Amino acid sequence: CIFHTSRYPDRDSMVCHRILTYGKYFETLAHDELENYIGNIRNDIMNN
Amino acid sequence: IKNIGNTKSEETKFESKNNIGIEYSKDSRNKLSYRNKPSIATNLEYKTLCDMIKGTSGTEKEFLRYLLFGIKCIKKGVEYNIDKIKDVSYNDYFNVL
Amino acid sequence: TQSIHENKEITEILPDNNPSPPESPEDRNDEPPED
Amino acid sequence: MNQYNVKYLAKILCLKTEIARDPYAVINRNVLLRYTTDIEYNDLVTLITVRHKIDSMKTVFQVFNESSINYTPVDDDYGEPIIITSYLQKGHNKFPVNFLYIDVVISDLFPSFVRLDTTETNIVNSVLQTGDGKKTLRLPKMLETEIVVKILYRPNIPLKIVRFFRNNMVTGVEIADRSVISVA
Amino acid sequence: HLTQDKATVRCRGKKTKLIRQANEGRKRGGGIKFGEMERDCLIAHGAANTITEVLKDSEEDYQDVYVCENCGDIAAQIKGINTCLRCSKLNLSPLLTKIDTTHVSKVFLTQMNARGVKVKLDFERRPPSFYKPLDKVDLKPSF
Amino acid sequence: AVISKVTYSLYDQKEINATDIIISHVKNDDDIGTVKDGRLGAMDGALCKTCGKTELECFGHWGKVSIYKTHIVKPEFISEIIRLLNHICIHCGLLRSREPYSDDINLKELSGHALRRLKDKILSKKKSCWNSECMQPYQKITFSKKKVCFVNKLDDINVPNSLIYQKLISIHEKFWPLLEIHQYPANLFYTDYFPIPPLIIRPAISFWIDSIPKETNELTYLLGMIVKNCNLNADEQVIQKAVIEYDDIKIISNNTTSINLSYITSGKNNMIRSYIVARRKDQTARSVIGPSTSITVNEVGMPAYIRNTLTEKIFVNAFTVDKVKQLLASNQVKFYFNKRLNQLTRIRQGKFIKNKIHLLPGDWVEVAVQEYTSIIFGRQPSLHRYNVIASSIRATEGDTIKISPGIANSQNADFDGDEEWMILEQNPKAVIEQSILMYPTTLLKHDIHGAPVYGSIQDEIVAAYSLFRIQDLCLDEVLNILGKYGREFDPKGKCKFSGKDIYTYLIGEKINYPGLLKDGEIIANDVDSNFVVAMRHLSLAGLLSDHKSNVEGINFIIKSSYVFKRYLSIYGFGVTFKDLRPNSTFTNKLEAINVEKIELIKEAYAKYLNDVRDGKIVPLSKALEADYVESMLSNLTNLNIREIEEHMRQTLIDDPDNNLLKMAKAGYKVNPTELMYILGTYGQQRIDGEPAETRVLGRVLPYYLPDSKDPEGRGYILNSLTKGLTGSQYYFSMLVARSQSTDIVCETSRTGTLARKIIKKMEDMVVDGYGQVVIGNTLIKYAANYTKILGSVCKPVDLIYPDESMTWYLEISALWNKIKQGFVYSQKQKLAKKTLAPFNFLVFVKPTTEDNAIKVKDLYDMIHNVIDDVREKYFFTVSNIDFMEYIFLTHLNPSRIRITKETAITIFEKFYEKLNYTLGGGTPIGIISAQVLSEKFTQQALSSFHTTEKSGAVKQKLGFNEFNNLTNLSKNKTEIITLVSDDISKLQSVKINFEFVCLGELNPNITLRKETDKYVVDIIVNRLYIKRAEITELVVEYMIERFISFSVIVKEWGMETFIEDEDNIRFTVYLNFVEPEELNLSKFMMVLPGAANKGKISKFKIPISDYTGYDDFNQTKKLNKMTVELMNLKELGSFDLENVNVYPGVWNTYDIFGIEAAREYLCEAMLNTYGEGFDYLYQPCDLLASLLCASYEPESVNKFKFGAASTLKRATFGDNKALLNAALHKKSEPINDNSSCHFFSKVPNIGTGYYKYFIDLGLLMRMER
Amino acid sequence: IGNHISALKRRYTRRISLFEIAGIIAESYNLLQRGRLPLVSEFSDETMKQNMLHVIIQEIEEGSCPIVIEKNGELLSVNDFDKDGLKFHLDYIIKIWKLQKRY
Ligand SMILES: [Mg+2]
Ligand SMILES: [Zn+2]
Ligand SMILES: [Zn+2]
Ligand SMILES: [Zn+2]
């Protein structure tokens, strides 16, 4: 890519991206909220 | 040709196999402060070099080196004047329509 | 078209289509740093 | 000073000769048609001889670098040395190298200008008054260090207004005026 | 896109509290905004009085307001007497003069004062002038 | 009673203390002593405890809070304090020099240079304290911006504000001018008290729901927070931080959302430019528009729902009292105003007050708006003057606002959903101004180019074209066409009539004009768009207006539009599908032609590629190969164009009544290119002037093989619209379309910003009372339009060069020699064809038969004497008007035409009328010019008028971007320098020494090998590449040798050259590198192709071209030309450029030639940015340039550097710091600018406001009852 | 030579344009609308039955217009301007006013 830049997939090309559908929003939010929940429980136990 | 230089002062688009060297040549830190003279002997069949290699440092030097090139061409048997060489015409390919 | 005083002609510049008027409004470290 | 910029300076030292002959003459490229020049170059002192065709009168200019000045008047001398400086400075006989990279006088961008006499100055001052007491308008400004001011210099005639004959695409020529402001 | 969903008109209505200008909103009976490009056009016509009247407060909202020529404060009215509190506290007797400006100008100036900038206004007292008869002028050519 | 001057400064500490209202508590039972107490002003449902008045009549009062021995810095001026700590010794408090402390020098009798030099010396001292009182080093204090305190850079030690205050207040008055101090350093701090502002600027915040409790104002909350830390007797940091976050939080933080004092002047949403120079209004409306044939250009149709809400005013006076009483009796009055009490009353139906209505002079009543009242209306955006006009009201049906199609073009309006807005202003002065100045009949002729702004559109054009051609009509048919205008038609003795007769009747005037008219009859072959459409140069209404007045022109427009629409009603018009494609013969033929030719082109290209792939020819460069292919494709497109033109001609022969070809002939929207798109081919699609670029496998789409050379694979479309594009062709078409839309959005954003800046800059430039152009107190131009005549009245006319057949040849040649300098321009490659006549005298010219004519001598004397008289009496002997005399001597030359004495007298009487009546003081010429320029470049940007092109040499671009660059006037950028000569050797030297070439460009054959004690590098070059680069073999040798000689990674080297054969050269290099060996070997082999070069690095080559230049109208020469980009001209100083004409950029030309040359350059370049046929824009550009060069140095449009712009003007422009600096410097200014007048509700010094009005009571007081 | 230029400029001051006459009419009309006394000859109760713009034009034409304008450091009444220019502009204004149903 250093020597032939135009022949390497560009950052705006669809070749190098994937797309999120309806269910993926819910999946990611569930992941993040569960992690925050467990973190808060750990912090409370440590403080107690 | 006289000494016209460049410094890190519009955008350019070179082939990137030449751009590396082109941008390397823009840094004054990559050049010696004084010329480094030749040390490996060559062109043993000529004494005009001794005339050119020292003393002559003006238009005479340019004239002498052009003479040397012409002498080499004459010995080889070539035109030695680039203006008198024929360039291939490509209009024969693209004259359709 | 014909030419009469071509050296004094005036060239028209007018868009054909224009935009319609407006309407009232009415950490998991899971992202690249993006340097 | 070098072997090329002296040829450019020789043309400025024909407009200066014309102004010496007549302080109210119009200055532009065409003036050069009435003069001839001879140049003798040397790294220490260059000699420029300006000759008026009809009169055959001579004027001799001696040109020196700023660093080394050794001036002694000669026959038909202009009466003052011509100095080439490294940077712009005040003085009608001092010219920076910046002015002499190209043949300035014959460029299409060289102006056409003249000095106003007393009658024309009075008319201009009268036109500028607003008619309400002594209030007046002001002309646009130009610096004293421009080459135009250097060319139009006389020891005993202060220069306050310069008139320009602008090229105009629809009327041919247009008249404008500027006032000269001093530089400290 | 239906005509009766876009039509609007205002005669009189509510004002905004801070600046006392016509409110905004089609559903709330707001007024159309006279922008500065329209102002440019009016100036290009040469209609000075028209633009002056457009940009001013309504003639029906006028009231007497006095300003102190010394410090620029709006004079208070105590027991029917116009007084500058700041200058009176300093034992001074400055002139109080009537002004006819917009409310938004007063708000802007007061805020600038709050930031520490003092704004003082002077007034023109040109000496009286008299009309004199003038000789006649024709201006026609000689034909 | 007239505000005339404004002064800014800072408050003294004693002034802050002068108040009896002390605030102490953050809370209290009744807010007494709090930041919300009622003594500071009235509030919701509460009278003011100070003056005892309601909110509508109380403007608030000031208070103070106590600070206990805590010195407080004023945030805005924090930086100022830093500036004052670099001129004194902190420890001993003395200046950083000793010269000021000398009695031998008195500063009173000296200023400017002396003070500035002394200040420079004092600042440059910067050394350990000279005096022995303390003998301490000088520190460097700065505001931390994280901790609210000043700290020393050398040592992180907090410096208390008390020390800084004590040191600063010690400076004596006599040294203030040296340090640029005006009032007092102590004015930069608060010491004993802090002010508390009134309640007017911080009323309780409400919401759209009445139930929701009102929330506290942010300013009040911040003031309470300040008060919280005051009585606590805390440190200075807490109070300082509270004050900073109350005033301007951005001083320390970086969030731009909190509300504080500075919010009023934050950004684009200033209080000035949202509520002072703009505002919402009461009597306004807005609605969708539609057309109407019953409304003339002077009128506007108002719907019922608007007529039933808006109201108009009737003033009570002796003339109207009875009418007002009748209206009150009839229940028609909606509002009443008592002027003596300033009281407004609404007359509700069924409920109102009778005794309260006592009508006295000066009162007024308001009733429903009536027909023929003037109203102001327009369509946004308001790009130029004609978007906002005042017209007479007519009652119409529906809920839409109706306009005549005759004004649609001037507003850039159509009827696919557009809306327009209305406002009603009823002040009597405004009424008169609306009735005269803003009336459409007064606006007929465009301000700059003078063509009418109203006319016909669309199918009317075709109607006009057809009407002129109809031949055999009886009287009944003529009268049916003429309709209500047929009453006065005169059938002299004829029984058959033509369309020419109808046109002659419509033009009821016997006038001549070369080309169009002879004795009032059209002598052109046809009537087309240029005769009847707005903004066109052959308008008939324009000639009629020039002959008499705007009333006649408007009448002709109305009447001709009516008759054109009657023609449409009687005969009809419509295009069908059969008009476009009766059968498939022609399209099939053209399709076959395209199919054959494209294959021929592909075969030729394949032959070339195959020959290169073998050893039969050296390949071309990429650029040249692309150029050859492009040439072949362009030839194919031109063949298609020629076929379409032949088809149009043949169809016209066979089917003379084809309606599509009628549209083409009349000059409306149809031409060979559009028909080629429909029936022929689409051609090449381009982005940024080139075909689409390859992206992955050397291709654009996977429909083509890797590294494909098929032109169709890079955007050449073969199909037409009737055939239908394929999917891949559709891709390229949509690429172009979508790029255009995106660019439109971006350009819409940028053009508005530039337009606003230009308008603000030029707003105050007007014509004075003597016909001169002035701004402020500076004379910009002696004669307003070169003529001291209204701009719309002057007329461009042919420039007739001297000829020996003319009558007064000597005088004419002398005048030409006097004025010719400006008629050769654009680097000597253009000759002017037009000049400017004062008023279009041609419509008054009539030939005569050589014996009733005026004698030659008398005519010459008349012209000469008139010109002399006008020269002295109207131009005061200063301006040059030789061009007027030249125009009169050439266009009325007896060898060209003979005229009677009466004709000449009429012409010159009209000349004097134009000189006397048309141009008046107060004309806003600057803003008109700004609007014209801005509207033009905006419309050109939004229509994609300019198309990018690829070039091999340096060129100056067109369009908005270049104009913006010119107005910015940025420094420290490369400029395009043009060199022109007649001897080509001088240019060739510069070319050889400046054009960039590198070894890699020559396609060498570098190889390397290692031998005992050496590395051998062979570089083989083909001579043809050397020849194409336009250099010699020794140039290549020198490049290589110069690179190797100065390399820092080469230890030992040697070179030799060999002639391999008739067409190859081998350069051999023997090398030994420095340690490390192999690493440096790899680096050398990597950088060799690009490092061995000569010339100035740039992306452009330097070809030398030839053209033909003018010396005069009859002298021509052949000139050579080249261009190069440079920072300055120093490098040229040693190249023998004698007799070489040099054209540099703006800053270089200013530095060498002066300010006048810079002005000329700017004017010409700005004009060039617009394109080819826009010469009429010369006058506006000339003004803008003159403004940018009004001082002794050029000045950008982004700044106010040399002009003495007032503080309020700068603040309106968007400075955001102007008021603070003005207060710091104690500036006192007059009130003359438009912005300043708007701020204080004064009448601007524009138009009617340019004069001052008085009333003479003498005659009233001489009358006795 | 200064006096000659001054005299020429004083003569130039007497020419009249649309802005000046429009301003004069606007001032006079505002004053009349708000209730000043008309200054026409033969003033009587029949004067109050006429059109106000007719009254303003009559005052201008018979030389009793009370408005005074300051132009180039001088104070001019409407009758100090060039007569033909005043007639020219008034004719145009009356035409367009008639088109508007005002006059
Ligand atoms: Mg539309
Ligand atoms: Zn006060
Ligand atoms: Zn109060
Ligand atoms: Zn010290």
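- If you check the header, you'll see the entry was determined by cryo-EM and the resolution is listed as 1.89 Å.

**Description of the overall build of chain E**
Here is step 1 of the chain: The helix and strand tally for chain E stands at four helices and seven strands.
Here is step 2 of the chain: Listing the helices and strands of chain E from first to last along the sequence gives β-β-α-α-β-β-β-α-β-α-β.
Here is step 3 of the chain: Rg of the C-alpha trace for chain E: 23 Å, well past the compact-globule value of 15 Å for 143 residues, more than 25% over.
Here is step 4 of the chain: Considering only C-alpha atoms, chain E reaches an extent of 70 × 65 × 30 Å along its principal axes.
Here is step 5 of the chain: Taking all 143 residues of chain E together, the buried fraction comes to 50%.
Here is step 6 of the chain: Pairs at least 24 apart in sequence give 46% of the contacts found in chain E among residues at least 6 apart.
Here is step 7 of the chain: Carbon together with sulfur atoms contributes 51% to the accessible area of chain E, which is approximately 7200 Å² in total.
Here is step 8 of the chain: With 26 positive and 18 negative side-chain charges, chain E shows a separation of 6 Å between the mean positions of the two kinds.

**Focus on the packing of aromatic side chains**
Here is step 1 of the chain: As enumerated under the stated definition, the model contains 62 aromatic pairs over all chains in all.
Here is step 2 of the chain: When the centroid spacing of 6.5 Å and the interplanar angle of 50° are considered together, the rings of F113 of chain D and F164 of chain D count as tilted. Here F113 of chain D is found in strand 6 (residues 113-115), whereas its partner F164 of chain D is found in strand 8 (residues 161-168), with 51 residues between them in sequence.
Here is step 3 of the chain: A residue is classified by how much of its surface remains accessible, and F164 of chain D, at 4% relative accessible area, is buried.
Here is step 4 of the chain: For the ring pair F1043 of chain F and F1084 of chain F, a centre distance of 6.0 Å and an interplane angle of 20° mean the geometry is stacked. With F1043 of chain F in helix 33 (residues 1033-1045) and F1084 of chain F in helix 34 (residues 1077-1091), this pair connects stretches of sequence that are 41 residues apart. Both residues of the pair, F1043 of chain F and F1084 of chain F, belong to the buried class.
Here is step 5 of the chain: Aromatic rings pair up to connect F839, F841, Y874, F876, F888, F908, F911 and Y912 of chain F together with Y12 of chain G into one cluster.
Here is step 6 of the chain: It is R86 of chain E that lies over the ring of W62 of chain F; its NZ or CZ is 6.0 Å from the centre.

**Thoughts on the side chain of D528 of chain F**
Here is step 1 of the chain: With respect to the secondary-structure elements, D528 of chain F resides in the loop between strand 22 (521-522) and helix 16 (529-532).
Here is step 2 of the chain: Look at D528 of chain F: it is buried, it has no salt bridge, and the nearest opposite charge is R536 of chain F at 6.4 Å.
Here is step 3 of the chain: One polar contact links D528 of chain F to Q2 of chain C, side chain to side chain, over a distance of 3.4 Å.
Here is step 4 of the chain: Not counting residues up to four positions away in its chain, the partners in contact with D528 of chain F are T1 and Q2 of chain C together with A666 of chain F.

**So, the interface of chain F and chain E**
Here is step 1 of the chain: Taken residue by residue, the interface counts 125 residues in chain F and 92 residues in chain E.
Here is step 2 of the chain: Taking both partners together, chain F and chain E bury about 10400 Å²; carbon and sulfur atoms supply 60% of that area.
Here is step 3 of the chain: Counting across the interface, chain F meets chain E through 13 salt bridges.
Here is step 4 of the chain: The partner of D20 of chain F in a salt bridge is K89 of chain E, and the shortest N-O contact between them spans 2.8 Å.
Here is step 5 of the chain: Between chain F and chain E we count 44 residue pairs in polar contact in total.
Here is step 6 of the chain: Sorting elements by how many residues they give to the side of chain F that touches chain E places strand 1 (residues 3-10) of chain F first, with eight residues.
Here is step 7 of the chain: The class makeup of the residues in the side of chain F that touches chain E is 64 nonpolar, 30 polar and 31 charged.

**Quick word on the nonpolar core**
Here is step 1 of the chain: In terms of nonpolar packing, the biggest core is built from 130 residues, with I522, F841, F888 and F911 of chain F touching the most fellow members.
Here is step 2 of the chain: Apart from residues no more than four positions distant in its own chain, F888 of chain F is found in contact with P838, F841, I863, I867, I907, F908 and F911 of chain F.
Here is step 3 of the chain: Judged by nonpolar contacts, the second largest core, of 113 residues, contains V31 and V50 of chain D together with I925 and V1146 of chain F.

**Concerning the side chain of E625 of chain F**
All names here are of chain F.
Here is step 1 of the chain: Examined against the element boundaries, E625 turns out to sit in helix 21 (residues 622-654).
Here is step 2 of the chain: Within the structure, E625 has its side chain in polar contact with the side chain of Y605 (distance 2.4 Å).
Here is step 3 of the chain: Leave out the neighbours within four places in its chain, and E625 touches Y605, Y608, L609, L620 and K709.

**Structural notes on the arrangement of the chains**
Here is step 1 of the chain: Summarising the chain contacts, 11 pairs of chains touch, and the pair with the most contacts is chains E and F.
Here is step 2 of the chain: At their nearest point, the C-alpha atoms of chain A and chain D are still 42 Å apart, with no contact between the two.
Here is step 3 of the chain: Structurally, chain B and chain G remain out of contact, their C-alpha atoms never closer than 52 Å.

**Quick notes on the coordination of the zinc ion (ligand 3)**
Residues and elements named next belong to chain F.
Here is step 1 of the chain: Around the zinc ion (ligand 3), the protein contributes the donor atoms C48 (SG), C51 (SG), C58 (SG) and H61 (NE2), which lie 2.1 to 2.3 Å from the metal centre.
Here is step 2 of the chain: Expressed as a motif, the donor residue spacing for the zinc ion (ligand 3) is C-x2-C-x6-C-x2-H.
Here is step 3 of the chain: Assessed through its relative accessible area of 6%, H61 is described here as buried.

**Some points on the environment of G172 of chain D**
Here is step 1 of the chain: The residue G172 of chain D is located in strand 9 (residues 172-181) in this model.
Here is step 2 of the chain: With relative accessibility at 0%, the residue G172 of chain D sits in the buried group.
Here is step 3 of the chain: For the pair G172 of chain D and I157 of chain D, spaced 15 residues apart in sequence, the C-alpha separation works out to 31 Å.
Here is step 4 of the chain: Ignoring sequence-local partners within four residues, the contact set of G172 of chain D consists of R166 and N167 of chain D together with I819, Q821, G822 and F823 of chain F.

**Overview of the pattern of salt bridges**
Here is step 1 of the chain: Taken as a whole, this structure holds 105 salt bridges over all chains when the rule is applied.
Here is step 2 of the chain: Here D108 of chain D ties to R29 of chain D by a salt bridge, and the two come within 2.8 Å at their closest N and O atoms. A residue pair is termed long-range when its members are at least 10 positions apart, and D108 of chain D in the loop between strand 5 (94-96) and strand 6 and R29 of chain D in the loop between helix 1 (5-21) and strand 1 (35-40) qualify at 79 residues.
Here is step 3 of the chain: Residue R394 of chain F pairs with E371 of chain F through a salt bridge whose shortest N-O separation is 3.3 Å. Taken together, the residues span a long stretch of sequence, with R394 of chain F in strand 18 (residues 388-395) and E371 of chain F in the loop between strand 16 (364-368) and strand 17 (374-378) at a distance of 23 residues.
Here is step 4 of the chain: For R394 of chain F, a relative accessible area of 24% translates into the label partly exposed.
Here is step 5 of the chain: For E371 of chain F, a relative accessible area of 39% corresponds to the partly exposed category.
Here is step 6 of the chain: Three or more residues are tied together by salt bridges with common partners; here these are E36, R39 and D40 of chain E together with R273, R756, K760 and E763 of chain F.

**What to know about the sheet that holds strand 13 (residues 311-315) of chain F**
Residues and elements named next belong to chain F.
Here is step 1 of the chain: Pairing is antiparallel across the open sheet formed by four strands, whose spatial order is 13-16-14-15. Bordering the open sheet on either side are strand 13 and strand 15 (343-346), each of which pairs with just one other strand. Across the sheet, the mean angle separating the axes of adjacent strands is 20° when strand polarity is ignored.
Here is step 2 of the chain: Relative to strand 16, strand 14 (residues 335-338) is paired through three bridges, and the arrangement is antiparallel. Across the sheet, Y336 pairs through a bridge with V365, a residue of strand 16.

**Notes on the coordination of the magnesium ion (ligand 1)**
Here is step 1 of the chain: Distances from the magnesium ion (ligand 1) to its protein donors, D414 of chain F (OD), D416 of chain F (OD) and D418 of chain F (OD), fall at 2.0 to 2.2 Å.
Here is step 2 of the chain: Look at where the donors of the magnesium ion (ligand 1) fall in the sequence and you get D-x1-D-x1-D.

**Let's talk about the environment of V127 of chain D**
Here is step 1 of the chain: One can find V127 of chain D in helix 2 (residues 118-128).
Here is step 2 of the chain: Judged by its relative accessible area of 4%, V127 of chain D falls in the buried class.
Here is step 3 of the chain: Counting along the chain gives 38 residues from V127 of chain D to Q89 of chain D, while the straight-line C-alpha distance between them is 34 Å.
Here is step 4 of the chain: Those residues in contact with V127 of chain D that lie beyond four places of it in its chain are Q772, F876 and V878 of chain F together with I5 and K9 of chain G.

**Some words on the interface of chain B and chain F**
Here is step 1 of the chain: On the chain F side, the residues contacting the 50 residues of chain B number 71 residues.
Here is step 2 of the chain: Carbon and sulfur atoms make up 63% of the surface buried where chain B meets chain F, a total of about 5800 Å² over both sides.
Here is step 3 of the chain: Along the contact surface separating chain B from chain F lie four salt bridges.
Here is step 4 of the chain: Close ionic contact of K1099 of chain F with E10 of chain B constitutes a salt bridge, the shortest N to O distance being 3.6 Å.
Here is step 5 of the chain: The interface formed by chain B and chain F contains 18 residue pairs in polar contact.
Here is step 6 of the chain: Those elements giving two or more residues to the side of chain B that touches chain F turn out to be helix 1 (19-24), helix 3 (59-76) and helix 4 (91-94) of chain B.
Here is step 7 of the chain: Of all the elements, helix 3 of chain B adds the most residues to the side of chain B that touches chain F, at six residues.
Here is step 8 of the chain: For the side of chain B that touches chain F, the per-class residue count stands at 23 nonpolar, 13 polar and 14 charged.

Conventions and cut-offs
- Residues numbered from 1 in each chain as written, not as in the entry; some residues may be left out.
- Chains lettered and ligands numbered in written order.
- Part of a larger assembly, values for the part shown.
- Heavy atoms only, no water.
- Helix = DSSP H or I, 4+ residues; strand = E, 2+ residues; numbered from the N terminus.
- Rg over C-alpha atoms; globule rule 2.2 N^0.38 Å.
- Buried < 20%, exposed > 50% of the residue type's maximum accessible area, 1.4 Å probe, protein only.
- Contact = heavy atoms within 4.5 Å.
- Areas by Shrake-Rupley, 256 points an atom, 1.4 Å probe, with all protein chains shown as cover.
- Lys, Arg positive; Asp, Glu negative; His and termini not counted.
- Charge placed at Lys NZ, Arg CZ, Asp CG, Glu CD.
- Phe/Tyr/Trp six-rings, centres within 6.5 Å; stacked < 30°, edge-to-face > 60°.
- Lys NZ or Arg CZ within 6 Å of the ring centre and 35° of its normal.
- Salt bridge = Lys/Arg side-chain N within 4 Å of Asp/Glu carboxyl O.
- Polar contact = N/O pair within 3.5 Å; in protein donor to acceptor, adjacent residues only side chain to side chain.
- Buried area = accessible area lost by both parts, 1.4 Å probe.
- Nonpolar A, V, L, I, M, F, W, Y, C, P; charged D, E, K, R; others polar.
- Core = buried A, V, L, I, M, F, W, Y, C linked by side-chain atoms within 4.5 Å.
- Donors = N, O, S within 2.8 Å, 3.2 Å for Na, K, Ca; no water.
- Pairing = 2+ DSSP bridges.
- Axes fitted to C-alpha atoms, helices over the stretch in contact; angles between N-to-C directions.

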